[PDB]
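Student: sequence? don't have it. structure:
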Ligand SMILES: NC1=NC(=O)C2=N[C@H]3C(S)=C(S)[C@@H](COP(=O)(O)OP(=O)(O)OC[C@H]4O[C@@H](n5cnc6c(=O)[nH]c(N)nc65)[C@H](O)[C@@H]4O)O[C@H]3NC2=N1
Ligand SMILES: NC1=NC(=O)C2=N[C@H]3C(S)=C(S)[C@@H](COP(=O)(O)OP(=O)(O)OC[C@H]4O[C@@H](n5cnc6c(=O)[nH]c(N)nc65)[C@H](O)[C@@H]4O)O[C@H]3NC2=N1
Ligand SMILES: [Mo+6]
């Protein structure tokens, strides 16, 4: 049939080939010099056994609805129903919950979904429900849950998703680059809008500068990252810090900087507040313990003199701090993010090209010069009319909670917690809807999630693959992939390089529907179809989005062609006039005219506002707090001696494309997710490559396939997140996961009272070669379909 069909995804733009109605090969877009291997999984993603073929309802839920046996969730026994029957039940449940409980019982949830301006699954969900009634909202996300709360308070920006100093300037000016828990090479494969991958050009240049010894790269990381491996182990200075001891390391660098007069007094005095209130802590005047190189050597396992050497090197020349997000996705994650800023402040290079800090470097091609282009605005969740049932009665519970507290809300309703200076009362949720997110991938401590779901009346999942979420649902609705629809997207993110047409590759498979059509038909049930669609279909909406784009471009001085011209004749437009950027430079150059958005206008090393909250676990300046569990001598490490990283996958985006055999064949071990193990740790357990091992703690147990790797320091392991949950006894708490989802082993706790964010990477485990029976993996084969024989 058809060859060279242009479209896009989180993993990049493709030229798709179709043969006899099947998507068979995905070639890289011709402008993409650095495509991701993951595009090879996209045909499988469209055509594999886990694709949701039709609406499905959990046997006993179909029988008894909200009066059903919730214990059977997870058993994977579902009945096919018609679309109209499914949508009716959906509507009737919305009606029932609104009448019985009101808006405090209802939660929606969304996530990374797919690229595409119109086919915005989160927007479809939010709009449809918002046209029916009120619900519990959430604040924050799992990416930068801690950082995005603390950083506004201390540097007046969210920071984490923002543009970074242009790489050309970094490469011409920085002499030391500090990668602090950041894997650029691995994580720039997938971006929010279709990636252009042009940032990899800069990484190649960096590689050459490293080889020539012009730039020294320091990696502060328990593991040799993909980036480190790429730049070269012979060249990269590796600080293999003990997991979760980064704050001690930060404080000791700060101490050294002060102790040896390497700090910038002028910068601290003129661009910051509160340094004087922090120093007594740092120096041990108010506790007897200097937060010094000697002190930190005990915690971090880094030689004190190496700590001092690091500080001195950072101060000695132009130094770029590149901070990732993983180190704030753990207990008290705000502390580490805050100390990145403090350390950068003490160095005094903030606002210089290739100096200072940033958190956005691994995301959205950050550091690529931004072009003078157009950014389209997609289908919004926003409504202009009130809900049909506009009940404001949340019965004395809060109407917004932190995103990661939703299970705590189900299990501990009425619990009162602090959140970033406010008081929150967790509502008794009864009905959850998921569209474009996978909770059994995303959230922590799956056995507790199981217990939480068992208190729910109704669970609805809408997806294009039969995920672990779908396995634990009551109603499952088949959404399409983006490859079965038409759309528009940005090409490039921070670069704003271009815009691409997403042309339909194949027709909707089976009776899968675009989320637009799902929620449109739902809205018809309560007479709000028109308010949802705004009188437009797919191609109408795409034309509307483009035209708004055309209007934005005129008056910004960028000319776009007409829609039909673009769609049918061009398919791709590219922008020009790339701009250099230096982050924080405006503030550095004129702090009076360009103040930070902080209480003082300055960098808050001490925050009176935070101090006044009276949170013992997030005080007025950064502090070392001991963790609920930590490796290398921390709590629990006598029982569970290994730190388990749940790092972002190299061969998927989260749980997406786990079902691809094309990709799995490249990294699976014994048919399972690989677990990475240090050679000394492996030899102590008699473990070797290919072994089926049990990774366990007091929270859960999983099976995985051992990879013995010297990239891992002793006492550090990894199972990449996104490995699907596959319980041996479906639905039972304490089931052994046969594929190896790390969130079976994580703990579900708030970072601190400030952010109340996910602490996913605060995880201790043991590993042993497994002595039980290895059953077949059942993760990727859909449900057990059930039929009425009567
Ligand atoms: N390929 C790919 N897959 C994805 O799933 C993906 N997801 C995207 C999203 S949504 C996000 S949030 C980002 C992920 O952003 P994030 O920064 O979380 O990335 P990771 O690669 O998981 O972790 C970065 C590094 O932290 C290190 N690290 C772990 N624990 C510690 C510790 O205690 N101390 C120190 N110093 N380092 C530590 C890890 O070893 C790793 O090299 O990537 C984005 N890009 C993505 N690309
Ligand atoms: N242990 C642990 N460590 C971690 O580092 C960690 N990181 C966290 C982070 S940073 C993030 S971003 C979250 C990610 O959590 P998130 O839930 O966002 O992850 P995905 O696996 O991308 O799930 C998206 C789902 O939407 C579906 N989908 C895609 N397109 C569509 C569409 O058009 N319509 C519909 N209806 N569905 C669609 C996909 O099939 C997929 O199942 O995981 C978090 N969880 C984490 N846990
Ligand atoms: Mo994220």
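Tutor: Structure's in. What do you need? Numbers count the residues shown, from 1 in each chain. Ligands and ions are numbered 1, 2, ... in the order given.
Student: and stretch 512-523, how far from the chain's centre?
Tutor: Using C-alpha atoms, centre = their mean, to the nearest Å, the mean C-alpha position of stretch 512-523 is found 26 Å from that of the whole chain.
Student: and it, what's buried?
Tutor: Residues of stretch 512-523 classed as buried: 512-523 (neighbour count, 16 or more other C-beta atoms under 10 Å). For the C-beta atoms, the positions are set from N, CA and C on the backbone; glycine is no exception.
Student: just those residues now: which is nearest ligand 2?
Tutor: Ligand 2 lies nearest to residue 515 out of these, by C-beta to the nearest ligand atom, at 4.9 Å.
Student: what about the closest residue to the closest one other than its chain neighbours, how many residues close to it?
Tutor: Sequence neighbours aside, residue 124 is the residue nearest to residue 515 in space, at 4.1 Å (criterion: C-beta to C-beta, 6 or more residues apart in numbering). Residue 124 has 29 neighbours, counted by other C-beta atoms under 10 Å.
Student: where does residue 124 fall, helix, sheet strand or coil?
Tutor: helix (DSSP: H, G, I helix; E, B strand; the rest coil).
Student: any idea how far residue 141 is from the residue in the chain that ligand 2 sits nearest to?
Tutor: In the chain, the residue that lies nearest ligand 2 is residue 111 (2.5 Å; C-beta to the nearest ligand atom). Counting by C-beta to C-beta, to the nearest Å, the separation of residue 111 from residue 141 is 9 Å.
Student: could you look up the SS state of the residue nearest to residue 287 when sequence neighbours are not counted?
Tutor: Take residue 287 and drop its neighbours on the chain: the residue closest to it by C-beta to C-beta, 6+ apart is residue 281, 7.4 Å away. Put simply, residue 281 is helix when judged by three-state DSSP.
Student: any figure for the gap between residue 281 and residue 620?
Tutor: 10 Å.
Student: for burial, what's the neighbour tally of the residue nearest to residue 287?
Tutor: Neighbours of residue 281 using other C-beta under 10 Å come to 21.
Student: can you give me the helices for the stretch 651-790 of the chain?
Tutor: Remark: helices assigned in the stretch 651-790 of the chain by DSSP state H, counting those that start in this stretch are 661-664, 679-684.
Student: the longest helix out of those in the chain near ligand 2 anywhere?
Tutor: Assignment by DSSP state H gives helix 83-100 as the longest helix of the chain. No - counting by C-beta under 6 Å from any ligand atom, no contacts exist between helix 83-100 and ligand 2, the nearest distance being 13.5 Å.
Student: so the one residue sitting closest to the centre of the chain is in which element?
Tutor: Residue closest to the average C-alpha location in the chain (C-alpha atoms, centre = their mean): residue 143, at 3.9 Å. Under the criterion DSSP states H and E, no helix or strand holds residue 143.
Student: quick check: it touching residue 160?
Tutor: Yes - with contacts counted by C-beta atoms under 8 Å, residue 143 reaches residue 160, the gap being 7.3 Å.
Student: three-state assignment of residue 573?
Tutor: Per three-state DSSP, residue 573 ends up strand.
Student: check contacts around it.
Tutor: 498-499, 560-561, 566 (C-beta atoms under 8 Å, 6 or more residues apart in numbering).
Student: hey, what's in contact with both of residue 143 and residue 160?
Tutor: Counting by C-beta under 8 Å, 6+ apart, the shared contacts of residue 143 and residue 160 are residue 325.
Student: which of the buried residues of stretch 512-523 fall in helices?
Tutor: Among the buried residues of stretch 512-523, the members falling in helices (DSSP H) are 515-523.
Student: Serialize those residues to a markdown table and add fields for distance to residue 307.
Tutor: Below are these laid out as a markdown table (distance: C-beta to C-beta, whole Å):
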| residue | distance to residue 307 |
| --- | --- |
| 515 | 51 |
| 516 | 55 |
| 517 | 59 |
| 518 | 56 |
| 519 | 55 |
| 520 | 60 |
| 521 | 62 |
| 522 | 58 |
| 523 | 60 |
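Student: tell me the contacts of residue 324?
Tutor: By C-beta under 8 Å, 6+ apart, residue 324 lies in contact with 179-183, 187, 359, 361-362.
Student: let's see 7 Å
Tutor: Residues near residue 324 by C-beta atoms under 7 Å, 6 or more residues apart in numbering: 180-183, 362.
Student: how about residue 5?
Tutor: Residue 5 neighbours (C-beta under 7 Å, 6+ apart): 15-16, 18, 503, 505.
Student: generate a PyMOL selection restricted to the buried entries among those residues.
Tutor: Selection of buried members from those for PyMOL, criterion 16+ other C-beta under 10 Å:
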select buried, resi 16+18+503+505
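Student: on that earlier part again, in the longest helix of the chain, which residues are buried?
Tutor: For helix 83-100, the neighbour count (16+ other C-beta under 10 Å) marks 83, 86-87, 89-91, 93-98 as buried.
Student: quick revisit: contact partners for the residue nearest to residue 515?
Tutor: By C-beta under 7 Å, 6+ apart, the contact set of residue 124 is 435, 515-516, 519.
Student: change it to 8 Å
Tutor: Residues near residue 124 by C-beta under 8 Å, 6+ apart: 379, 381, 435, 515-516, 518-519.
Student: which one among these gets closest to ligand 1?
Tutor: Using C-beta to the nearest ligand atom, the contacts of residue 124 come closest to ligand 1 at residue 435, 17.3 Å.
Student: quick check: that closest one touching residue 120?
Tutor: No - using C-beta under 8 Å, residue 435 makes no contact with residue 120, being 10.0 Å away.
Student: who touches both of the two?
Tutor: Contacts common to residue 435 and residue 120, judged by C-beta under 8 Å, 6+ apart, are 113, 515.
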